[PDB]
Amino acid sequence: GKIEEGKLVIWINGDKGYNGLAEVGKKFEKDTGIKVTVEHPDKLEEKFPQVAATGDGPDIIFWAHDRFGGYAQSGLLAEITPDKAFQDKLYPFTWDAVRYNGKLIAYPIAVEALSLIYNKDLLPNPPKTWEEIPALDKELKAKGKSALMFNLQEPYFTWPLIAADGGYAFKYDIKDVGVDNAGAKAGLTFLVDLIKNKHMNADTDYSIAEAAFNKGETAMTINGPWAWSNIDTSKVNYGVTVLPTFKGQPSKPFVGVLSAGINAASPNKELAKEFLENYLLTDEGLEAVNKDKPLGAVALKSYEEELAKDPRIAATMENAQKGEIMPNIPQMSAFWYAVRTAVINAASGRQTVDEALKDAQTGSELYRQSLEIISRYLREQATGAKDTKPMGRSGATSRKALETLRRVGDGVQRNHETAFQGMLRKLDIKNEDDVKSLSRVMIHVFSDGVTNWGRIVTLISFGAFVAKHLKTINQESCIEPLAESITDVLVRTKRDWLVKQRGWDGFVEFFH
Ligand SMILES: COc1cc2c3c(cc(C(=O)O)n3CCCOCc3nn(C)cc3-c3c(Cl)ccc4c(CCCOc5cc(C)c(Cl)c(C)c5)c5n(c34)[C@H](C)CN2C5=O)c1OC
Ligand SMILES: OC[C@H]1O[C@H](O[C@H]2[C@H](O)[C@@H](O)[C@@H](O)O[C@@H]2CO)[C@H](O)[C@@H](O)[C@@H]1O
């Protein structure tokens, strides 16, 4: 073991009410004598997978639900089994946000959506459209002010505009990605044109936009409920309202459900359950957090009935209903990373909107595309017959890549039979547990050195060799897990190289 028994360590983002959470933890300690430590480390959503994979990390992690599926896919989250009485206290759709493969993998805390925050002393009537913001910025520049400033370094904040005219992440399946259609292009182009016409600055981040709004220098910002507290201390006469439309269409923020997941490696799962169910998700626990930094529309019905009277919460829910609940599928991280880079590169001029979004599309589709190819190859190699299913969207790439792989990988498997048999014997794979064990070994062997298509063909060809072995020892059910694991090792460790090669299209070109 590694996580200490007898206490609770919690991770929550630095923009949330961690002091109020610590107050709840101090009440928990007063009752039980169990010390609760709340930390807010930088990049905790990226740090948690790494440290939890090795059995460390916090007992409880707080984040929006979109990441948790990935954590659940990697075995890092304990299953949540609250009884009906407690489940009935929270809104069903918040439970739906934290369900993964039919299992509850977190407690939902609160519903978050971005709104347009505006300075009533500068803008008694905020703009209803994105399109009128350039003229409004000219009017405000005439008097020493600016129209709008918001964080351009995180794609969460730009996504409402990208999605307004038809951009989307995953259609409601990981095969259909819409970050590079005409609507996404139109939204990102509007943002880039705002920057080129000096209505916004490409370097603007969270701190810069927050400081400019709370000092009264800019008339609008885009942000979530957690920010209201600081504005309250600013004494700016502010309102919270619906996001402007773009091309006559509502802005569509990605809706997050702040949720608390229990580390699968924690020896304090019953303590964490008691704390979350009977201390935090109460009227007084949620209030203690909310008084620090507002949570949004909390999942607890009794408290949300009080919070819903707040016009700021009504606007939050109006924008949420115009938006969409985030998926929790494990590729969300990759998606976000891709879009993050796109927005930044588009805003700085390092790429055009077309180039940036094409790269984002490649990055977002990489997992499913690689998985389709590798799975089909491994299954047809192990059984001697091919999958009859249609290739689907971007199916030309998958078909062509599978043909290329058939050629090159049967060459590799013929030539490298001795080393392959040796490593297969040295690994000794017998069941589903050893295949789940294979991933750290795979990362080690696939590590350092050069990255080329031939090494990837070697990875996949040895995967096919192992799939053949699994078929022989009557373990066909292990082939699809194996394939998945291989995919995860490939797309994660070689993400940037793969995107630079245009992905499997570059694979196909290289061996043409
Ligand atoms: C140190 O840096 C490296 C290492 C490697 C390189 C290159 C460049 C190329 C290339 O140009 O093709 N290769 C592949 C050469 C194939 O060598 C055959 C070879 N011999 N022995 C003595 C053992 C091997 C050997 C074997 Cl049996 C099987 C797979 C590999 C791989 C793929 C990564 C790991 O996969 C998987 C691993 C596991 C546990 C599982 Cl369950 C699955 C499902 C997949 C590599 N290997 C392999 C050798 C070490 C070279 N290797 C590799 O990645 C490189 O850069 C300078
Ligand atoms: O920008 C990508 C980022 O978006 C969302 O993160 C939000 C988070 O949900 C909010 O609670 C608040 O903290 O702002 C974050 C943006 O900086 C996704 O939840 C996250 O996974 C993703 O990386």
Side-chain angles (χ1 to χ4, degrees), residues 12-16 40 44-46 62-71 109-114 150-159 169 205-206 222-227 253-259 293 295-296 326-328 332-341 343-344 374 378 408 412-413 415-422 424 427-429 434-435 437-439 441-446 449-467 469-470 478-479 481-490 493-494:
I12 188 166
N13 200 42
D15 59 2
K16 304 305 192 294
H40 54 285
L44 76 87
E45 81 281 25
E46 311 187 332
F62 282 79
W63 198 265
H65 69 288
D66 64 293
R67 297 260 167 178
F68 276 41
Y71 306 156
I109 310 302
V111 185
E112 323 170 336
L114 293 171
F150 66 99
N151 186 8
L152 297 188
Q153 308 309 311
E154 284 290 344
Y156 183 74
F157 295 85
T158 297
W159 186 257
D205 63 3
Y206 192 96
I222 292 170
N223 219 325
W226 53 82
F254 266 142
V255 182
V257 175
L258 178 74
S259 313
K293 314 223 95 62
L295 286 161
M326 282 193 283
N328 72 353
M332 281 303 297
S333 324
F335 158 80
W336 279 125
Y337 183 89
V339 178
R340 184 181 287 116
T341 303
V343 172
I344 291 189
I374 295 168
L378 263 58
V408 188
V412 169
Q413 220 163 335
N415 281 317
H416 290 276
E417 190 172 355
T418 294
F420 275 14
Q421 194 82 43
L424 175 75
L427 271 157
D428 203 328
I429 299 130
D434 313 346
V435 170
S437 151
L438 288 178
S439 159
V441 199
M442 231 186 284
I443 291 163
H444 184 25
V445 197
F446 198 50
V450 192
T451 306
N452 55 46
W453 283 118
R455 194 180 194 190
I456 297 168
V457 171
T458 302
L459 179 87
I460 296 166
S461 283
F462 185 67
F465 194 78
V466 173
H469 175 258
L470 291 171
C478 292
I479 298 176
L482 174 64
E484 286 182 316
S485 167
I486 299 176
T487 300
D488 172 64
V489 165
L490 173 62
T493 62
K494 303 306 179 298

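Excluded from the calculations below are hydrogen atoms, water molecules and symmetry mates; all remaining heavy atoms, backbone and side chain alike, are included. All ligand and atom numbering here is 1-based and tracks the order in the structure. Heads up: numbering here begins at 1 and tracks the sequence.
Residue nearest to atom 47 (C) of ligand 1, selected from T458, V457, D434, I486: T458 (by heavy-atom distance). Here atom 23 (O) of ligand 2 lies nearest to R67 when heavy atoms of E46, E112, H65, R67 are compared. Comparing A419, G422, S439 against atom 22 (C) of ligand 1, the shortest heavy-atom distance belongs to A419. The option from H416, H444, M442 that lies nearest to atom 17 (O) of ligand 1, judged by heavy atoms, is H416.
Close contacts of ligand 1 with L427, meaning ligand atoms under 4.0 Å from a residue heavy atom, involve 39 (C). Taking every non-hydrogen atom of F420 and a distance limit under 4.0 Å, the qualifying atoms of ligand 1 come out as 26 (C), 27 (Cl), 28 (C). Counting the atoms of ligand 2 from 1 in the order shown, those under 4.0 Å from a heavy atom of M326 are 19 (O). Atoms of ligand 1 lying under 4.0 Å from any heavy atom of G463, numbered from 1 in the order shown and given with element: 43 (C). Within ligand 1, the atoms closer than 4.0 Å to a non-hydrogen atom of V450 are 55 (O), 56 (C), numbered from 1 in the order shown. Each of the atoms 10 (C), 11 (O), 12 (C), 13 (O) of ligand 2 lies under 4.0 Å from some heavy atom of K16. Heavy-atom contacts of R340 reach the following atoms of ligand 2: 2 (C), 23 (O) (cutoff under 4.0 Å). Distances below 4.0 Å separate heavy atoms of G454 from the following atoms of ligand 1: 12 (O).
In terms of modelled atom types and a separation under 3.5 Å, the side chain of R67 and the main chain of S333 share no donor-acceptor contact. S259 contributes a side-chain N or O that, together with a main-chain N or O of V257, makes up a donor-acceptor pair within less than 3.5 Å. Here the side chain of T158 pairs no donor or acceptor atom with the backbone of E154 at under 3.5 angstrom. Formation of a donor-acceptor pair under 3.5 Å by the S485 side chain with backbone atoms of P481 is not found in this model.
Atom 12 (C) of ligand 2 has as its closest protein heavy atom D15 OD2, 3.4 Å. Annotation: atom 9 (O) of ligand 2 to nearest protein heavy atom, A64 CB, 3.3 Å. For atom 5 (C) of ligand 2, the closest non-hydrogen atom on the protein side is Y156 CD1, 3.5 Å. Given atom 19 (O) of ligand 2, the protein heavy atom at minimum distance is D66 OD1, 2.6 Å.
Under the 30°/60° scheme for interplanar angles, the aromatic rings of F68 and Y71 are found to be tilted.
Between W226 and ligand 2, a contact under 3.5 Å exists for no N or O pair. Among the atoms of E154, some N or O lies under 3.5 angstrom from an N or O of ligand 2.
Using a 4.0 Å heavy-atom cutoff, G224 is absent from the residues neighbouring ligand 2. Residue contact annotation: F254 has no non-hydrogen atom under 4.0 Å from ligand 2. Not a single heavy atom of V466 lies less than 4.0 angstrom from ligand 1.
In this structure, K16 satisfies the cation-pi test against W226, with its NZ or CZ atom closer than 6.0 Å to the six-membered ring centre and inside 45 degrees of the ring normal.
Nearest heavy-atom pair across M332 and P327 is CG-O, 3.4 Å.
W336 and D66 form a side-chain donor-acceptor contact under 3.5 Å, judged by distance and modelled atom types alone.
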